[PDB]
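Shown here: protein.txt, compact mmCIF, C-alpha atoms.
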# COMPACT_ATOMS: atom_id res chain seq x y z
CA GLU A 71 0.00 0.00 0.00
CA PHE A 72 2.97 2.30 0.55
CA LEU A 73 4.16 1.49 -2.97
CA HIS A 74 0.75 2.15 -4.52
CA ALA A 75 0.74 5.45 -2.65
CA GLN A 76 4.13 6.18 -4.21
CA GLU A 77 2.90 5.22 -7.68
CA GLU A 78 -0.23 7.40 -7.76
CA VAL A 79 1.79 10.35 -6.44
CA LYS A 80 4.68 9.96 -8.88
CA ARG A 81 2.39 9.94 -11.93
CA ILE A 82 0.88 13.36 -11.22
CA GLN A 83 3.82 14.86 -13.14
CA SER A 84 3.33 13.00 -16.44
CA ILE A 85 0.37 14.94 -17.87
CA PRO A 86 0.23 17.58 -20.66
CA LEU A 87 0.59 20.27 -18.01
CA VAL A 88 0.01 24.00 -18.28
CA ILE A 89 2.76 26.52 -17.55
CA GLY A 90 2.53 29.27 -14.95
CA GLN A 91 4.88 31.39 -12.84
CA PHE A 92 5.60 31.33 -9.12
CA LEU A 93 4.64 34.56 -7.39
CA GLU A 94 4.58 34.33 -3.57
CA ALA A 95 4.97 31.78 -0.79
CA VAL A 96 2.58 31.89 2.17
CA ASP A 97 3.66 29.24 4.65
CA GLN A 98 4.59 25.59 4.66
CA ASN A 99 3.53 23.97 1.33
CA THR A 100 0.95 26.53 0.11
CA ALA A 101 1.61 29.39 -2.31
CA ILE A 102 0.25 31.96 -4.77
CA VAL A 103 0.96 31.18 -8.42
CA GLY A 104 0.05 33.28 -11.44
CA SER A 105 -0.71 31.40 -14.64
CA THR A 106 -0.09 32.26 -18.27
CA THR A 107 -3.89 32.41 -18.53
CA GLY A 108 -3.85 35.28 -16.04
CA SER A 109 -6.46 35.35 -13.24
CA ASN A 110 -4.12 34.83 -10.26
CA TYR A 111 -4.76 31.72 -8.15
CA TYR A 112 -4.05 30.18 -4.74
CA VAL A 113 -3.29 26.45 -4.54
CA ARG A 114 -1.52 23.85 -2.42
CA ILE A 115 1.74 22.34 -3.65
CA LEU A 116 3.31 18.86 -3.56
CA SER A 117 5.56 17.19 -0.98
CA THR A 118 8.49 16.43 -3.32
CA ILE A 119 9.97 19.66 -4.70
CA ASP A 120 12.98 21.05 -2.88
CA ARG A 121 11.93 24.55 -1.86
CA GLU A 122 15.25 26.20 -2.86
CA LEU A 123 14.13 26.81 -6.46
CA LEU A 124 11.30 29.30 -5.89
CA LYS A 125 13.00 32.32 -4.43
CA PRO A 126 11.28 35.36 -6.12
CA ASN A 127 10.05 33.68 -9.30
CA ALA A 128 10.20 30.44 -11.26
CA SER A 129 8.87 29.05 -14.51
CA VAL A 130 6.65 26.34 -13.06
CA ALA A 131 4.27 23.62 -14.20
CA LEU A 132 0.64 23.53 -13.09
CA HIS A 133 -2.12 20.94 -12.96
CA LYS A 134 -5.13 21.24 -15.26
CA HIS A 135 -7.97 20.84 -12.76
CA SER A 136 -6.59 21.27 -9.24
CA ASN A 137 -4.01 23.76 -10.62
CA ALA A 138 -1.39 22.71 -8.06
CA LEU A 139 2.35 23.16 -8.41
CA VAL A 140 3.88 20.08 -9.97
CA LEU B 11 7.44 -39.09 52.41
CA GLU B 12 3.87 -39.32 51.14
CA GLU B 13 4.33 -36.14 49.08
CA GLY B 14 8.14 -35.98 48.90
CA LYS B 15 8.66 -39.13 46.83
CA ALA B 16 5.83 -38.01 44.55
CA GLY B 17 6.81 -34.34 44.23
CA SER B 18 9.88 -35.66 42.41
CA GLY B 19 7.92 -38.34 40.54
CA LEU B 20 4.56 -37.03 39.32
CA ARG B 21 4.96 -33.29 39.96
CA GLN B 22 8.57 -32.85 38.81
CA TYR B 23 7.35 -34.13 35.44
CA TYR B 24 4.81 -31.31 35.17
CA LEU B 25 6.66 -28.35 36.68
CA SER B 26 9.78 -29.00 34.64
CA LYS B 27 7.57 -29.22 31.56
CA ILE B 28 5.75 -25.91 32.17
CA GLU B 29 9.10 -24.16 32.64
CA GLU B 30 9.99 -23.94 28.95
CA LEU B 31 6.30 -23.40 28.18
CA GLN B 32 6.58 -20.32 30.40
CA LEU B 33 9.80 -19.20 28.68
CA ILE B 34 8.45 -19.13 25.12
CA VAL B 35 5.25 -17.28 26.09
CA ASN B 36 7.58 -14.82 27.82
CA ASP B 37 9.73 -14.77 24.67
CA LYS B 38 7.01 -14.18 22.08
CA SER B 39 5.45 -11.30 24.03
CA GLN B 40 8.69 -9.33 23.67
CA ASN B 41 8.63 -10.38 20.01
CA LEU B 42 4.95 -9.50 19.53
CA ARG B 43 4.99 -5.92 20.87
CA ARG B 44 8.06 -5.32 18.73
CA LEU B 45 6.03 -6.42 15.70
CA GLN B 46 3.17 -4.21 16.94
CA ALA B 47 5.22 -1.00 16.95
CA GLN B 48 6.81 -1.78 13.58
CA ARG B 49 3.32 -2.07 12.08
CA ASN B 50 2.26 1.17 13.79
CA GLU B 51 5.07 3.00 11.99
CA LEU B 52 4.08 1.86 8.50
CA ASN B 53 0.40 2.54 9.14
CA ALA B 54 1.38 6.03 10.29
CA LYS B 55 3.16 6.50 6.96
CA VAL B 56 0.41 5.27 4.65
CA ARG B 57 -2.45 7.03 6.46
CA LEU B 58 -0.51 10.30 6.37
CA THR C 109 -8.09 44.84 6.84
CA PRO C 110 -8.99 47.14 3.94
CA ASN C 111 -6.74 46.60 0.90
CA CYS C 112 -5.91 43.05 1.99
CA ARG C 113 -5.99 39.87 -0.06
CA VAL C 114 -8.11 36.87 0.90
CA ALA C 115 -8.52 33.32 -0.32
CA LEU C 116 -11.76 32.92 -2.27
CA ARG C 117 -13.27 29.50 -2.92
CA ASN C 118 -14.15 28.80 -6.55
CA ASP C 119 -17.00 26.61 -5.28
CA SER C 120 -19.58 29.20 -4.22
CA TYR C 121 -17.38 32.34 -3.91
CA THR C 122 -17.09 31.85 -0.17
CA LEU C 123 -14.19 33.36 1.73
CA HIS C 124 -11.55 30.91 2.89
CA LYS C 125 -8.57 32.59 4.58
CA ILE C 126 -7.01 36.02 5.01
CA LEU C 127 -3.88 36.05 2.87
CA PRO C 128 -0.89 37.92 4.35
CA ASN C 129 2.15 39.38 2.54
CA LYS C 130 0.34 42.24 0.83
CA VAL C 131 0.87 43.40 -2.78
CA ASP C 132 4.45 44.61 -3.21
CA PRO C 133 6.39 43.43 -6.28
CA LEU C 134 9.45 45.55 -5.59
CA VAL C 135 10.78 44.61 -2.14
CA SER C 136 13.36 42.35 -3.75
CA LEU C 137 15.86 45.20 -3.44
CA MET C 138 14.63 46.29 -0.02
CA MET C 139 15.00 44.47 3.34
CA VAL C 140 18.02 42.25 2.59
CA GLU C 141 17.43 38.81 4.09
CA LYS C 142 20.95 37.78 5.10
CA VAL C 143 23.44 39.93 6.99
CA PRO C 144 26.72 38.00 7.34
CA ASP C 145 28.32 41.39 6.75
CA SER C 146 31.30 43.06 8.41
CA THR C 147 31.52 43.50 12.18
CA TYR C 148 31.23 46.50 14.47
CA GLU C 149 34.83 46.89 15.63
CA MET C 150 36.75 46.91 12.33
CA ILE C 151 35.79 50.56 11.72
CA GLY C 152 38.84 51.71 13.64
CA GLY C 153 39.04 55.36 14.56
CA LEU C 154 35.66 57.05 14.15
CA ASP C 155 34.56 56.84 17.77
CA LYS C 156 33.21 60.40 17.96
CA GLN C 157 31.12 59.66 14.87
CA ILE C 158 30.00 56.23 16.09

Kindly present the structure from the file in structure tokens form.
Amino acid sequence: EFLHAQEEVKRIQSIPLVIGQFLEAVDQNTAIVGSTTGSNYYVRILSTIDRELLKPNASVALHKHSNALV
Amino acid sequence: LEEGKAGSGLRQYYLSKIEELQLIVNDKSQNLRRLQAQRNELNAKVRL
Amino acid sequence: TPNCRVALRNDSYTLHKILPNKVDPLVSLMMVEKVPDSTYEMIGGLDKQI
């Protein structure tokens, strides 16, 4: 069950994803991201990305529906 | 010795036999609660 | 607070959470995060000024 939890997590990043930009960081694992569609959002992020790549800005990938950082 | 000849004959058979039966039940309980806590770690991972 | 951002649910447009860190896209230059700068005693001879 721990491997099936690993599998369904580690295939959230193989999707024809949309591209946005990192804007601000609120707290632990939740941020503001602005998309290339405009209309600034507020989503939760994953548990995998090392947080030393998001300092003022980053070209980032976003989910289609839940619009999370990927 | 009404009891003394028989405490070595028909009771020494039993109480020597229950000795190792007491040891393994003592042994598996240390082994069981170890298995308990190792399962509680992995359930704490998957549920989280 | 007036002129403060909040989290708005896309479900029924209900409010979710007050969002801190108000709109300011130009405090990259201001309030430097790290100061492992020089010390206080290597100035050496400006004690009236200090």

Atom pair atom CA of residue A:138 + atom CA of residue A:83, distance 10.7 Å

Give me the residues of chain A that have any atom at most 8 Å from an atom of chain C; for each, the nearest atom pair and the distance in Å, rounded to one decimal. Use only C-alpha atoms, sort by chain and number, and format it as a tab-separated table.
residue	atom	partner	partner_atom	distance
A:96	CA	C:128	CA	7.3
A:112	CA	C:115	CA	7.0
A:126	CA	C:136	CA	7.7

Restricting the calculation to only C-alpha atoms: of B:16, B:28, B:47, B:56, which residue gets closest to residue A:76?
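Under the stated criterion, the closest residue is B:56.
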
Atom CA of residue B:55 to atom CA of residue A:73: how many Å, to one decimal?
11.2 Å

Could you list, with a cut-off of 8 Å and counting only C-alpha atoms, the residues of chain A near chain B, each shown with its nearest atom pair and the distance in Å rounded to one decimal, rows sorted by chain and ascending number, as JSON lines?
{"residue": "A:71", "atom": "CA", "partner": "B:56", "partner_atom": "CA", "distance": 7.0}
{"residue": "A:72", "atom": "CA", "partner": "B:56", "partner_atom": "CA", "distance": 5.7}
{"residue": "A:75", "atom": "CA", "partner": "B:56", "partner_atom": "CA", "distance": 7.3}

Output the selection as a PDB file, in the frame of the given file - C-alpha atoms for each residue.
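Below you can see part-v2.pdb, which holds the result:
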ATOM      1  CA  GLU A  71       0.000   0.000   0.000  1.00  0.00           C
ATOM      2  CA  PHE A  72       2.970   2.300   0.550  1.00  0.00           C
ATOM      3  CA  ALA A  75       0.740   5.450  -2.650  1.00  0.00           C
TER       4      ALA A  75
END

Give me the residues near residue A:101 as a PyMOL selection string, where near means some atom within 10 Å (using only C-alpha atoms) and where sequence neighbours in that chain fewer than 2 positions away do not count.
chain A and resi 92-99+103+111-115+138-139
